[PDB]
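Just below is one structure, and these are the notes that go with it.
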Amino acid sequence: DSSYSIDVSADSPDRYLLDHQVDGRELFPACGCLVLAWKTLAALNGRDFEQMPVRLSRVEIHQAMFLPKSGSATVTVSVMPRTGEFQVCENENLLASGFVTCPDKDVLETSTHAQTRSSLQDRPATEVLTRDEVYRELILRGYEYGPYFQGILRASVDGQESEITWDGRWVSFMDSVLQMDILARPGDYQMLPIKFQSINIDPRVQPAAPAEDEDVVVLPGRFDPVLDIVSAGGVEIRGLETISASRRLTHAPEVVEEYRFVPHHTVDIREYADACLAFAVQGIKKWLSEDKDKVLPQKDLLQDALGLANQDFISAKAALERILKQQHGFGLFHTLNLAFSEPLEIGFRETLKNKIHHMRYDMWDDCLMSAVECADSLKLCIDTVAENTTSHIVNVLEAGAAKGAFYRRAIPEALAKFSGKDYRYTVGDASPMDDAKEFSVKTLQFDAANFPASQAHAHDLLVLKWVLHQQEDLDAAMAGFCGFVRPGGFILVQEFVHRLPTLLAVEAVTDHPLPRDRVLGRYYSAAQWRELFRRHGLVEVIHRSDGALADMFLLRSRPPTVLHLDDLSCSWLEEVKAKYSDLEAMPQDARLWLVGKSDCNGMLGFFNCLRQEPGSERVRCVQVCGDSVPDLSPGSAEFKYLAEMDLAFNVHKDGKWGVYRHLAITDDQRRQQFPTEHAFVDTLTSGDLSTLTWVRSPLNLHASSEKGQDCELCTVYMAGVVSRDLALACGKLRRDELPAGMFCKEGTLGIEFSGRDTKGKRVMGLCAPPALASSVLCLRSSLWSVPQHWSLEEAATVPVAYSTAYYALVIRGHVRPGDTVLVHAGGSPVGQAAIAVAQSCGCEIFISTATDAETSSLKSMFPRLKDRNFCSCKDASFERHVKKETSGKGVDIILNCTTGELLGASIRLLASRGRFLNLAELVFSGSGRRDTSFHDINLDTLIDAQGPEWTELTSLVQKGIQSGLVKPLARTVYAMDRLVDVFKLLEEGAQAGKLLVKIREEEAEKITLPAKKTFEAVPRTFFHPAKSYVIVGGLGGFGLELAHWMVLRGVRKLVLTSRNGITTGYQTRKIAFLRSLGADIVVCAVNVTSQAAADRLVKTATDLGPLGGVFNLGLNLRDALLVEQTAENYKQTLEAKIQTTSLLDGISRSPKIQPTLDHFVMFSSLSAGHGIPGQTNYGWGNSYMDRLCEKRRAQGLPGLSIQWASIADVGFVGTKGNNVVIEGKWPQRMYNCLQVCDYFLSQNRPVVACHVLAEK
C-alpha cells in the first residue's frame, strides 16, 4: 500500500495536472495511474522510476477520479510480489488494474525510439496539421487540454507521423501519445479508454529531460494502424479499447428563441371570469342578507358593488365546481370560497386577512390574474425598455411589492435572460418582504407624499402592479410616480377594468379602506386610465388586454433629420458617416432619424450594432416592411405619432407599428410531435428509459432505395420487443458495440416484425435495427410468408424466438437424436422455442423455470415433459437436480442464459464433447472436461452479415413452419403509446411471455393494401441521399463541422465552396474523413460575385445530382467603428453575404430547381439582433439575410436564418480559448450548436436565434 498523496495547490509541482480537462471536469488522467504503478514497482524493487524499463499489460481503467480545484488527494497502490498484479485505487473505488513488470532489452518493439530525424518539416502546409488544429479536433470531440498537456507540435494528415514536445513530466508525454491514438480514430463521440493491451516504457532510450534554458526536445512519433500501436520517444502504447460517453454541456442551457415582429396592439378565461363574477355577486348578496351583527367590512362599499353588478350560493358554487372539474392552477375561486365561507364573528378582519395572506401565494398563480402577464408580454415590455435606455445598468423599482409581487415573473422570465445589460431591481412597501429573499433585491420600504427623495430621478422602469387603484389622491400619487422615473424612463401598469365587484369582495378585506370616474370608489376604466396617464406626461407605448379582468400598459415619459438609407450600394455609408458626427456638436435634444424603406432594407442589424458605439444614443431607426408605406416625410401625421414616443427601434408591418423582438421557445414547443407517415421509436437522452418517443423516419423522404442487394419496404403491423432492445435503450449496451452496418443506421431498437409486404402479402421476420417502427426496409431475404390460420398478432412471436432456437440448437449446437439439453429460463420465449426444437430432435430436455406458475404452464403446453425434468433457476439448486438425475455425466447442450455465480454452476454441468451455447465465458476457459465447445450466440452479428448461414437459417425456420413444430407463444399486446411502460415491464422480469406493440389493427382481407395512417412523432432532420447540397463558404471552421453532421444525417453529395480552396491541413483531413464516410465532396473555389460564377456552381451541383439545399456560411469581419469606416470594408463584407445570397436566391427559385430545393439556409449572427460595438457590416449583412428569408417563407419555398451568438472550438475564439465572453454570451459548444441546428432545420419559422448566457 505505497500511498501517494498528490497535491494540486498553486506552488505544488502537480498544478499542471489540472490541465487535463474532459468536458469541464479536471479528471485525473489514466497516464497518471500508469506512472504511479511504475513508481510503485520501482520503489518496491529498490530502483528509481527514471531508469527502470517497465511494461504494463492487461491494463483496464475502471473509474476516473475528479481532481480537486485546490487541495490534495490520496491514491494507494497495491502490487503483488510475483505476478505484479497492481491495483491503483483511491478511497473505496478502484481506479485501474492490470499487471506491471520490468522486462529486459525486449521492451520496445516499434523502432521509432531509435529514429531521431523528424522530416515532418518541409512538407506543404496543406499536408501538415499544426498544434492549433491538432488540438482543435480533440477539443471538438470534448477533451479540452491546458497548455501543459498540449504535448503535440505537429502531425501529418494521415495522423501517423507526428512530433511531441518532451519537457520533463512523464504524464504529459504519455497523455500526448494517447492523444495521438485518439486522433487516429476519427468520429464525433467522446471516446473513453477502458482497456489497454500493452504499455511499454523504456526511459533509458528516451532523450534526457531539457534543462530550464534548453527549451523542449522534439521527439518523433508514429502510429502503426496494422497493430494499432502508438510509439513516441521511449513509450509504446497498444490496444486502447474504448467506449462512448454522453458528453456534458459545460454551460447553461442554450436559450433558443425566435425572432418575430411583435406588434403593439385551460378553461376559457372569459367563462371563468364571468362565472366568478356571478359567484361573487351572489355571495355578496348573501353577506348583506346575513349582516345582522354589523361586522361586514364597509357594508356600504359591498352594497355599492352588488348594486353595480345588478346593473343562490349552491347554484354558482356548483357552476364553478363544474368548470373546475372539466379542467393548471385555480386560485381565485378557492380564495373566494374561503372568504365567503368563514365564521364572521368578532375579530373577523384579522383572521380573514391572515388567511388571505396565507393563500396569496396560490392567488398569484391564477389563470385569471396571471392571464395577461404571459412570458411573451413581459419579455416584450422588458426588452423594449432595455433597448430604449442608454446605459449598461437598468434600474427597476416596484412600488407596492406586497400587493403585486411583479418580480415573481419579471425577474426569472424577462430579466434573468438579459445579455449585455445588467439589471438592478428594488422593491418597496411598508410591509416586510422577507419572502423576496430568494430573488436577491434591495428593499426600500415606504408608502404614501412622503416619497423617498433618495431615488428622486434614478429609475428607468417603475412597476405598478395593482397599486394604481389603491391611492386616493391619484394626481399626487401620479406626480410622485412620475418624479420617480428618470426622463425618458418607462412605467409598467397592470390594472383591472371589467368585472370589478369580483375581487372587490377581496379588496374590501385585505385592502385599505377607501371612501366612496371612481367606478366603485376605487377603480378606473381603461379609457379613464389612459386619460390619467395622458394628463401626467406619459405616452402609452404598449397596450395589452386579456378581455376578462386585467390590462397591461407600458407607458413612457414623453426639425427632424431624416436619412433615407434606401440604397443598398453603400452610398448611405458615406452619407450617414458624414451626417452622424454632426449629432455630437448638435444639442442633445436632437436625434438622427434613420429611415429605411426598401425591398429588403437591412437597417435592423446595422442599427443594432451601431447603437453600442459611442455617440449613437440620439439615433432613431425606422424599418418599413410590406405595402401601405406610411407617410414618413417630415410633417406627416405618422411622424408626429412616432415622435410622440421617440422609441429607438420602431418598425412598420401589415399597416401597424410594432417592434422586432426575440421571443423564447418553450420546451413545450421543442417537442411538439407532428403527424408523419412513418416513424420509429428512439431515446432522446441516451441511457434513460423514460424518454422513448416516436421520431420521424428517413423513409418519409423516399430514401427507401438501398444500393446493396434488393430491399422491400414493409408496413409493420405488430412490432415485437426483445431483451436486446431494453439493453440498448437502458444504456447497458453502447451503440458502437453493435456490428458495423447497424451503427450507421437510423435507430437501433427492435428486430422482429410482421405485416403486409408490397402488394399486401402478409410476411414476417427479422431485419435491420429500425424495426420497431411503422415501416421497415427489409432485405427481402429476411421475410417469411405468414400461413393461414395465423393472425398477425401471432406471427410476431415466431421470429427471434424460433430463429435463435434453431440457430443455437441446429446450426451451431448440431443437436442429434439423443444427448441432453439444459434450457435455462424455460419461461422466456427463447426457452419455449428451444424446447420445441429439442423435442423435435427427440432429446431429453432439462428445463429451469424460475417460479412455479411457469412449471405448470409449460407442463400444460408440452405433454411429454415429465415431472423429473424441471428445476429452480432462481437459486443454485438446478445444479444438484441435474447432476443427480443425469447420473453425474452432465448435460451436453447447455443453452445457458444466466450470468454470475449461476453461470459458474451451469458451466460445471457440461459433459465431455459438450457445447455451451451462451446466449448472453471467463470461468469456462478453466474447464476440466477436455473436449468441449463454447459458442457465443449473438443474433445481431448474423443479422448484419447475411452469409450462407442466414439463408440456411431462413430455410430451417420456413421448413419448420410448414410442419406443426413451430407455433406462436404467449403474447401480451401493448398499445402504441405505451413504450415506457413496456420497457419498464421488460426490465422488471415479470414479463408475460412475449411482448409486442400494436402499430395497426389487422384487417379482414388476407391480402390487401395497408391503407393510410398518420403517427405522432417529434420531427427529425434527414437529407435525401440522391440529392446535392451546396455549403457556400463551407470550408471554414463552422462549415466543415456542419458538413460532417450533414454527411452523418445522409448527405452523400456536397459542394464545399471557398475563396482560395484548400489551404491548411485540417481542411484536407476533414475532406479525407468525409470521403471515407462514403460521400461525394467536390470542393470548389468560386467566389460567387456574378451570374457566371453562380451558374458554374449550380452546374457543378447538378453534375453531382439534383440540387436540394444551399447553406450559406461565408463571412467577412472588417470590424471598425462607423466614425472611421471605409467603403472598401463595407463592400468586402457585403459581397460575402449580400451578393452571394442574392445570386443564390435568384438562381434557386428558377423553375428547374425550385421543385427540388428544400433546404435554403443562411447562417447569420446575433450582431443583427443584439448588436456588437463597431461591427456594422456584419449587422447589415445579417439583417438583409433575415429579411430575405422572411420574404421567402411568406412567398413559399423554404427559408431560414439562424442567428448565432458565438461558436466555440472551431472559431478563432476557440483557438484563443473558448471562455472569452462577448456581451455576456459564453462561447457555445459545437455539438449543442449542432443539436439546435437539427431542431431549427425542421421547423417552420423564417428567422431564429440561439445564444448561451454567461455566468454574471
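Only the coordinates and a few stated rules stand behind these numbers; no lab work does. Don't worry about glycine lacking a Cβ; one is built from the backbone with ideal geometry, like all the others, and counts go over all protein chains shown.
A compact table of results
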| read-out | value |
| --- | --- |
| Compactness of the chain, expressed as Rg and Dmax over alpha-carbon positions, Å | 37.4, 113 |
| Separation in nanometres of the label points that stand 7 Å from Cα toward Cβ, at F1212 and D106 | 5.7 |
| 3J(HN,Hα) from dihedral phi, the range 840-855, Karplus parametrisation 6.51/-1.76/1.60, rounded to Hz, x for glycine, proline | 4, 6, x, 7, 7, 10, 9, 8, 10, 7, 7, 8, 9, 4, 4, 4 |
| Tensor-based shape of the range 1114-1233 (alpha-carbon gyration tensor, a/c under 1.5 rounded, otherwise prolate or oblate) | oblate |
| The range 635-702 versus the range 385-402: alpha-carbon centroid distance in Å | 27 |
| Neighbour-count ranking [beta-carbon atoms within 10 angstrom, fewest first] of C381, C841 | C841, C381 |
| Å³ per residue enclosed by the Cα convex hull of the range 775-867 | 137 |
| Distance-filtered residues of the range 415-444 - backbone nitrogen under 15 Å, label point 7 angstrom along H512 Cα→Cβ | 428-432 |
| Distant-in-sequence amide H partners of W466 (H built 1.01 Å from N, under 5 Å) | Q494 |
| Rounded FRET efficiency, nearest 0.05, which uses the C-beta distance separating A458 from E531 and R0 of 30 Å | 0.60 |
| C-alpha center-to-center spacing [the range 423-473, the range 87-106] in angstrom | 66 |
| DSSP-loop trypsin sites (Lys or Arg not before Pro) across the range 1-107, with at most 15 other Cβ within 10 angstrom | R25, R47, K69, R82, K105 |
| Spin-label pair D376/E575, simplified geometry with 7 Å Cα→Cβ offset, distance in nm | 3.6 |
| Percent antiparallel among DSSP beta bridges (both partners in the chain, rounded to 5) | 60 |
| Sequence of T351, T510 once ranked by neighbouring C-beta atoms within 10 Å, starting from the fewest | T351, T510 |
| ³J(HN,Hα), Karplus 6.51/-1.76/1.60, whole Hz, each residue of the range 1064-1076, x for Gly, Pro | 9, x, 5, 4, 5, 4, 5, 4, 4, 5, 4, 5, 5 |
| Three-way shape call for the range 146-195 based on the alpha-carbon gyration tensor, with the a/c threshold at 1.5 | oblate |
| Karplus (6.51, -1.76, 1.60) ³J(HN,Hα), θ = phi - 60°, over the range 469-486, in Hz, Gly and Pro reported as x | 9, 9, 6, 8, 7, 4, 4, 5, 4, 5, 4, x, 4, 4, x, 4, 9, 5 |
| Potential extension, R864-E737 segment - 0.36 nm per residue separation minus Cα distance | 41.6 nm |
| Rounded Å value of the spacing that divides the Cα centres of the range 9-51 and the range 341-368 | 65 |
| Distant-in-sequence amide H partners of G488 (H built 1.01 Å from N, under 5 Å) | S557 |
| Global geometry of the range 860-946, whether rounded, prolate or oblate, following the gyration tensor of its Cα atoms and the 1.5 cut on a/c | oblate |
| DSSP-loop trypsin sites (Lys or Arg not before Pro) across the range 794-897, with at most 15 other Cβ within 10 angstrom | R864, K866, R868, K874, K889 |
| Qualifying GluC sites (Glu not before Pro) for the range 939-1036 [loop in DSSP, other Cβ within 10 Å: at most 13] | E1001, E1005 |
| Which listed pairs, of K732/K883; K656/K1225; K421/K1225; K759/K998; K707/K1053, have C-alpha distances above 23 Å, in listed order | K732/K883; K656/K1225 |
| Packing rank of 823-829, 583-589, 1096-1102, 993-999, where each peptide gets the mean count of other beta carbons within 10 Å, highest leading | 823-829, 993-999, 1096-1102, 583-589 |
